[PDB]
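Right, one structure below, let's go through it.
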Amino acid sequence: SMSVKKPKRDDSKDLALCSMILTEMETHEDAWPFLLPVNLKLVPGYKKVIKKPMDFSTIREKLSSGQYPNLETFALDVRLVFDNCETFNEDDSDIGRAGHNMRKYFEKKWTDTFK
């Protein structure tokens, strides 16, 4: 509360560390569905159904331009990529499996780097 604070957690490396995670996600062999924004002209249903599109290139540009206020807003956009993928794609499809695999990969790196 006013004039009562928990001890200051060192957040000075968070930007660098989220960039490293994001690089590892970009270079994963199963990243291909997520590298670029879904083409809303060419994919029926996407625009109406997926209210907040997100992709790795969009996260990279937000990261690089100071549009994440803290590491939790970064994790929210990464998770959005996978939540969108599960909304639109069957579990038993190449893309649906890619999304599960990537979500797992991310959540381990997130735990190991920060928790």
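Start counting the sequence shown at 1856; every next residue gets the next number (the deposited numbering). Note that the Cβ used here is the ideal one computed from N, Cα and C, for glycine as well.
Worksheet item: Hey, how far is the Cα of residue 1908 from the Cα of residue 1936?
Response: As a working mapping, residue 1908 is identified with position 53 in the sequence shown. As a working mapping, residue 1936 is identified with position 81 in the sequence shown. Residue 1908 and residue 1936: Cα-Cα distance of roughly 7 Å.
Worksheet entry | Selection from 1898, 1882, 1942 that minimises the alpha carbon distance to residue 1961 | Looking up residue 1961 in the sequence shown gives position 106. Nearest C-alpha to residue 1961: 1882.
Item to complete: Confirm, please, whether the CB-CB distance from residue 1895 to residue 1968 is below 8 Å.
Response: Taking the first residue of the sequence shown as position 1, residue 1968 is located at position 113. Taking the first residue of the sequence shown as position 1, residue 1895 is located at position 40. In this structure, residue 1895 does not lie closer than 8 Å to residue 1968 by Cβ.
Discussion item. Taking contact to mean 3 or more Cβ pairs, one atom from each stretch, closer than 8 Å, check whether the segment 1908-1928 and the segment 1936-1956 are in contact.
Written reply: yes
Worksheet item: DSSP on residue 1870, reduced to helix/strand/coil?
Response: Within the sequence shown, residue 1870 is the residue found at index 15, counting from 1. Three-state result, residue 1870: helix.
Practice prompt. Might you give, ordered along the chain, the residues of its own chain that have their beta carbon closer than 8 Å to the beta carbon of residue 1918, omitting 5 neighbours on each side?
Written response: Locating residue 1918 in the sequence shown gives position 63, where the first residue counts as 1. Once the five neighbours on either side are set aside, the close Cβ partners of residue 1918 are 1870, 1873, 1874, 1877, 1929.
Fill in: C-alpha distance - residue 1940 paired with residue 1950, whole-angstrom precision
For the purposes of this step, residue 1940 is identified with residue 85 of the sequence shown, where counting begins at 1. For the purposes of this step, residue 1950 is identified with residue 95 of the sequence shown, where counting begins at 1. One C-alpha to the other measures close to 8 Å.
Practice prompt. Output the boundary residues of the alpha helix (DSSP H) element that contains residue 1953.
Written response: If you number the sequence shown from 1, residue 1953 lands on position 98. Element bounds for residue 1953: 1949-1969.
Item to complete: Report, in whole angstroms, the separation of the C-beta atoms of residue 1904 and residue 1942, which I expect to be a contact under 8 Å.
Response: In the sequence shown, counting from the first residue as 1, residue 1904 sits at position 49. In the sequence shown, counting from the first residue as 1, residue 1942 sits at position 87. Between residue 1942 and residue 1904 the Cβ distance is about 7 Å, and since that is below 8 Å, they are a contact.
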